[PDB]
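Engineer: my sequence and its experimental structure, below.
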4 protein chains.
Amino acid sequence: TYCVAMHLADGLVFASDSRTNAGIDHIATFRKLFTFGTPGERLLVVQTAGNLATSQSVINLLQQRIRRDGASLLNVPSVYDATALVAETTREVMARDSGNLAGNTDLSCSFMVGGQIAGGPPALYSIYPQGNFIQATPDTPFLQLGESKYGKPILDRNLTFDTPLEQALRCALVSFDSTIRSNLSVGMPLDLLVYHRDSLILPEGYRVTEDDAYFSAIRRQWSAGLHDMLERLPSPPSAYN
Amino acid sequence: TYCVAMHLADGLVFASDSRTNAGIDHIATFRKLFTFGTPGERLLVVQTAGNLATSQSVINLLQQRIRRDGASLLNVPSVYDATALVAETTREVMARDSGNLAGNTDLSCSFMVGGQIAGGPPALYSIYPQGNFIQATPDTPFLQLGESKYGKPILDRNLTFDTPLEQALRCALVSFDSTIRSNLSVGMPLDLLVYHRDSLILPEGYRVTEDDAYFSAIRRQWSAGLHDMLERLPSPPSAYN
Amino acid sequence: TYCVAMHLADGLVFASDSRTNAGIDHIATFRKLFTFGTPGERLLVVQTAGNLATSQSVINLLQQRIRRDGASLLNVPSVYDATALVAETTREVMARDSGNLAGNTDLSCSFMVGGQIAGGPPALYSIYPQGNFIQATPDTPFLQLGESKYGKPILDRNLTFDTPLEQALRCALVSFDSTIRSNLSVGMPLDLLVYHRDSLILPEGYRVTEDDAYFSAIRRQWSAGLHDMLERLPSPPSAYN
Amino acid sequence: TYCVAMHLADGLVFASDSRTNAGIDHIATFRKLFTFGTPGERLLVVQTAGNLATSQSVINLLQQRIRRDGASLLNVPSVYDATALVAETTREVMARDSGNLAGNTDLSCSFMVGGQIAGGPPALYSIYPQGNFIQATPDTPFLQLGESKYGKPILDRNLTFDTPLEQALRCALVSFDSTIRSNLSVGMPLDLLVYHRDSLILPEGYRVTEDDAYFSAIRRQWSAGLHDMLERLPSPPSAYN
C-alpha cells in the first residue's frame, strides 16, 4: 500500500499500488484509486490506504449514495466538502464495526480526495486516520499515504508546483520503483490517473502491470543511471579512514 | 512555527515562518500568513499557529464564505468583529472534528488577526487556543505566536509603538535569525507583509528564502557584531572566582 | 417619480427618474436609485418612490447600519432577506415620525430591492406602501413604482424574461420617453444601472441628462416612427360613421 | 494590577498600575485608566482590573458606542447611570464569551467608574466581579481594585474626605511604593489623573515611569524615614522575653 497525489499548476496526478494486506497469510490485489463525476461538471478521485474492510465499506457507501437524493460526492459544492463527506462517512463506518468482537484489532484507514468541481480551481486533500484533513498547497504540492518514506526523497528533490504533469507522473513512477524494491508490502499492478486543470472530463486512467513496456524500460534505465553516477563519483580523501 | 505582528504608529508589520509539523516524520512548508480585502476599503491579515488541520480548515472556510451572502471577512464592520469571526469559525471547526476517533490528539490552534477597515484606525488582535482574544496597544505593540521566547528579547529591547516600519521589520528579522538558530521547529521560507496606516491597499508582501541576499547579509553582520562585542567586553574582577 | 426594474435571463436592469415632490412649490431633483455591495460577493440596488422624508430616512439608516455590527444589507444572506430588512427599516421609520404633529399627511413610500448575492441567482422584489412584498418571475419579469401607467404598455408588449439587457434598457428608455411627455411629475435626469448575472461586480451605473446625445436621438426616431405608422394605417370602413 | 480612586471634598484622584497577566509567560504593560467626556459638560474615568480580554472588550464597546445613537457614556444622565452602563456592558460581554470552549477559565473583572456630570456633584463607584456596585462616601472615601491589601494601611491611616488632592495623590503614591516592593504582579508605569470639583474639564493625566525623578525621590525618602523611626523606637521591657 503506497499512494501519491500531486496538485500542480497544470492539474492533478494520482498513483496507487494494489498490494493489500487482507488478513493473515492473505495478501492480495485491490484497486486503491477510485473516480467519480459527471462530464463537463466535476471529477473527483479517492485513494485509500489502511484497513481494507473499512476503506471498502467507505467507498461502497459513497457509490450507493451517489444514486440517492441527499448528500453525495456528485452534489457536494466543493472539493473541500467532498473530503469532509468522505471523512464523515468513515466515522459512520467505524462507529458500526466497533464493539467487543473487533477487540484490539486496528480498523483505521486514510484517504486522499482530490479533483475539480466546475467554477473553482482543482484541489487535493489527505484525510488522516483520525478523520481530520489537510490540503496540499504550492509549497507542499504532493501528499502520500501508506508506506511512503522509501519513495519520498525523489519527490522532495524534484517535484514542485510548477513541474509539468508528464514529468510529475514520471517522477511518481520512480518513487514506486524504489519503494517496490525495498518493501514487499508494496506491489504491482499500479493505477494512475492524470487530470488536466479546467478540462472537467473523467480521464480513463491507466493500469501499469508487471509486463508494461514503458515502466520496465525506465526502471532498467534508472538502474543503469544510478550505477553509472555512483562509479563516476569521486573517492573519499585520505582523511576518511 | 513562529509568527510576529506589530501595530505601530505608522501601520502594521507581519512576519511568519513556514515550517510545520504535519504528522509524524512529516515536517513540511506551509504558508502561515494570509491576506484578505478589497482595495480602497480594507486589508485584513490572518496568521496561524498550532494544529495544521484545524488552522487550514479555518482559513479555507473563511475563503469559501467570502464568496457567499452572510457574515464574512469582507463585510464585517471592524477588525474586532473580524477577529471574532475567525474565533467563531475556529469553534465551528473544533466542534465537527472532535469525537472518539480524534481521541487525545491536540487539535488546538491560535491566530493573529490585524488590518484596517475604512473609517477606523488599524488594529491587531491575537486569538488564544481557547478562543478568547486580546488587542495590541501602544504599551504592548507586538504579539507573538508559536515558538517565540527565543526571539522575544530583541523585540522587548528595541521595539516601541513609535518605531518606524522599516526598523520594526528589521527587528523582526533578527528575531527570526536567533529563533531559527536555536530551534529546529522554526524554519524558512519566511513570509512578510508591511501595511501603511490609512493606505487601504493590499500589499503584495514578500517571501524570504534561504538564498535571500539581504537576509543572508544581515545575519552575517549580526553574527560578526555579537562576536566583536563579546570579545571587547571587560573581564570579571578578582572577586568573581 | 417613476421607477422600473427588470429581472431577465441575463441579469437585472434598473432605471429611475429624479423629479421629486419635496413640499409645496418645491419640486426638486433627488436620486432614486442606490447601490450597495462588496465586489466579488454581492450587489444590491434599492429604488425609492413616495414620501421623500420617509424614503430618505430609510436609505440613510441602511447606510449607517452597514458600518455597524448587526443586521445590514452587507451580511444578510439572501436578496429576500435584504428586501425584508428594507421593509423592517421602513416600519421603524413610520413608527417614529407618526404622531399628532404629522396629522393626516401621507408618509408612505414604496421600494424595489434587487440584486445578487454569491451562491444564489439574481432576484428582484417590490415592497408596497403597507410593507408586504412581491417577487418578479419569468412570467412577470418587470416591476414599476410611481407614476407607471403611462409607460406600461410598451413594456407589456415587448419585454419578456429572455429579452437581452441592452434591449430591455432601450425599452425602459422608451417607457420614460412617453411618461415624461404625458406627466410633469416625472422628469430628468434619469439614473440607470445594468447588472450582469453572476458578475458579482458593482457597476458604476449611468446618468441620463437633458443633453444626452443617445437618448435625444432615440426620442427623435421614435417620434418619427410613430408619426409614420399612423399615417400609413388604413382608414375605417364605411360602417364606422 | 492595583488601582485606587478617591472621592474627596475638592474632587477626584485616580491611580493605576499597568502590569498585566496576559497569559502564561506573557506579562505585559496595559493601561488600566481610561477617560471619557465632553469639555464643559462631563468627565468620566473608568479603571479596570481582572481578566484582560473581558475588560478590554468592555472598554472597547464603550468607545465604539460613544459614536452611536443610543445609550453611551456621553449621554447617560448621571455618574450612577454611567456605572450601571459599564456593568450592563460587562454582563453582555460575559454572556457572549461563556461556552464549553472557555471551560473553567475565570473571565471576571472589576471596574471603578468616577467623575462628574454637569449639574451634580462628582461621584465614584466600584463594580464588583458579580456586577453589583458600591459608592464611595465621606466616611469611606477611597476604593481599591486588584492587589490592594499591601497598600491599604497607609490610606486607612491618613486619608479622609477633607484631605486635599495634592496630598491624597502623594498618599496614593506611597501606597504603590509598598505594593510594588512586596508583590511582583504590580508594576510600573503608573497612570494618574486628578480632577477638580466643578472644573468640568478633561485633565490630561500623567504617567509615572521607572525614571520619574519625583517618584524616585519620595521612595528614597520614605525608606530613609521608616528606617530612622524604627531605630529610634524604644526597646521592649524586661517582661517581653
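Structural biologist: It's in. Numbering: from 1, shown residues only, chains lettered A, B, ... in the order given.

Engineer: need phi/psi at residue A:18.
Structural biologist: Phi and psi for residue A:18, reported as degrees, to the nearest 10, are phi -140, psi -10.

Engineer: that one: what's its closest spatial neighbour, skipping adjacent residues?
Structural biologist: In this structure, residue A:18 finds its nearest non-sequential neighbour in residue A:29, 4.7 Å apart by Cβ to Cβ, 6 or more residues apart in numbering or on different chains. Backbone N, C-alpha and C define where each C-beta goes, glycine included.

Engineer: just give me the neighbour total for the one you found.
Structural biologist: Other residues lying near residue A:29 total 13 when counted by other Cβ atoms under 10 Å in any protein chain shown.

Engineer: list the contacts for it?
Structural biologist: With Cβ atoms under 8 Å, 6 or more residues apart in numbering or on different chains as the criterion, the residues that contact residue A:29 are A:18, A:19, A:20, A:187, A:189.

Engineer: rerun at 7 Å
Structural biologist: With contacts taken as Cβ atoms under 7 Å, 6 or more residues apart in numbering or on different chains, residue A:29 has the following neighbours: A:18, A:19, A:20, A:189.

Engineer: OK, contacts around the third one?
Structural biologist: Neighbour list for residue A:20: A:1, A:27, A:28, A:29, A:30, A:52 [criterion: Cβ under 7 Å, 6+ apart].

Engineer: that one and chain C, how far apart?
Structural biologist: In this structure, residue A:20 and chain C are separated by 41 Å, where distance is defined by Cβ to the nearest Cβ, to the nearest Å.

Engineer: from chain D, how far off is that residue?
Structural biologist: According to Cβ to the nearest Cβ, residue A:20 and chain D sit 41 Å apart.

Engineer: and that residue, that one's in a strand?
Structural biologist: Yes - under the criterion used here (DSSP: H, G, I helix; E, B strand; the rest coil), residue A:20 sits inside a strand.

Engineer: so it bridges to which residues?
Structural biologist: residue A:28 (DSSP bridges).

Engineer: what's the burial count for residue A:86?
Structural biologist: Residue neighbour count, defined by other Cβ under 10 Å, stands at 25 for residue A:86.

Engineer: any part of the helix or strand it falls within near chain B?
Structural biologist: Under the assignment given by DSSP states H and E, the secondary-structure element containing residue A:86 is helix A:79-97. Yes - for helix A:79-97, a contact with chain B is found by Cβ under 7 Å from any Cβ of the partner chain, at A:80, A:91, A:94.

Engineer: what helices or strands is the following helix or strand past that helix leaning on?
Structural biologist: Proceeding C-terminally, helix A:79-97 gives way to strand A:109-117 as the next helix or strand, assigned by DSSP H and E. Where contact means 3 or more Cβ pairs under 7 Å, 6 or more residues apart in numbering or on different chains; DSSP states H and E, strand A:109-117 is packed against strand A:2-8, strand A:11-16, strand A:42-50, helix A:79-97, strand A:123-127, strand A:142-146.

Engineer: now the helix holding residue A:86 against strand A:109-117, angle please.
Structural biologist: Calculated by axes from the mean of the first three to the mean of the last three Cα atoms, to 10 degrees, helix A:79-97 forms an angle of 150 degrees with strand A:109-117.

Engineer: ok, residues contacting helix A:79-97?
Structural biologist: So helix A:79-97 is contacted by A:44, A:46, A:54, A:57-58, A:61-62, A:71, A:73, A:76, A:107, A:111, A:113-117, A:123, A:125, A:127, A:131, A:133, B:60, B:64, B:99, B:101 (Cβ under 7 Å, 6+ apart).

Engineer: still on that earlier bit, and which of the contacts of residue A:20 is nearest chain B?
Structural biologist: Comparing the contacts of residue A:20 against chain B with Cβ to the nearest Cβ places residue A:1 closest, at 16.5 Å.

Engineer: how close does the residue lying closest to residue A:1 once chain neighbours are set aside sit to chain C?
Structural biologist: If you skip the residues right next to it in sequence, residue A:1 has residue A:146 as its closest partner in space, 3.8 Å away by Cβ to Cβ, 6+ apart. Computed as Cβ to the nearest Cβ, the residue A:146 to chain C distance reads 37 Å.

Engineer: which residues does residue A:146 bridge with?
Structural biologist: Here residue A:146 sits in beta bridges with residue A:2, as judged by DSSP bridges.

Engineer: so it touches residue A:4, yeah?
Structural biologist: No - between residue A:146 and residue A:4 no contact is recorded; they are 9.1 Å apart, counting by Cβ atoms under 7 Å.

Engineer: more neighbours: which of the two?
Structural biologist: For the pair residue A:146 and residue A:4, the greater number of neighbours falls to residue A:4 (29 against 21), based on other Cβ under 10 Å.

Engineer: go ahead and confirm that one touches residue A:142.
Structural biologist: Yes - under the criterion of Cβ under 7 Å, residue A:4 is in contact with residue A:142, at a separation of 6.3 Å.

Engineer: so which residue of chain A comes closest to chain C?
Structural biologist: Distances from chain A to chain C, computed as Cβ to the nearest Cβ, single out residue A:77 as the nearest residue at 8.4 Å.

Engineer: tell me how many other residues crowd that residue.
Structural biologist: 12.

Engineer: returning to that earlier point: report the buried residues of the helix holding residue A:86.
Structural biologist: Within helix A:79-97, the residues that qualify as buried by neighbour count (16 or more other Cβ atoms under 10 Å in any protein chain shown) are A:79-87, A:89-90, A:93-94.

Engineer: need the max-distance pair from those.
Structural biologist: A:79 and A:94 (23.0 Å; Cβ to Cβ).

Engineer: which residues touch residue A:114?
Structural biologist: Neighbouring residues of residue A:114 by Cβ under 7 Å, 6+ apart: A:5, A:7, A:12, A:14, A:45, A:79, A:123, A:124, A:125.

Engineer: what do you get for residue A:179?
Structural biologist: Listed by Cβ under 7 Å, 6+ apart, the contact set of residue A:179 reads A:2, A:147, A:150, A:151, A:186.

Engineer: the helix or strand harbouring it vs strand A:2-8, what angle?
Structural biologist: Taking DSSP H and E as the criterion, the element that holds residue A:179 is helix A:165-182. Interaxial angle of helix A:165-182 relative to strand A:2-8 (the same axes, to 10 degrees): 160 degrees.
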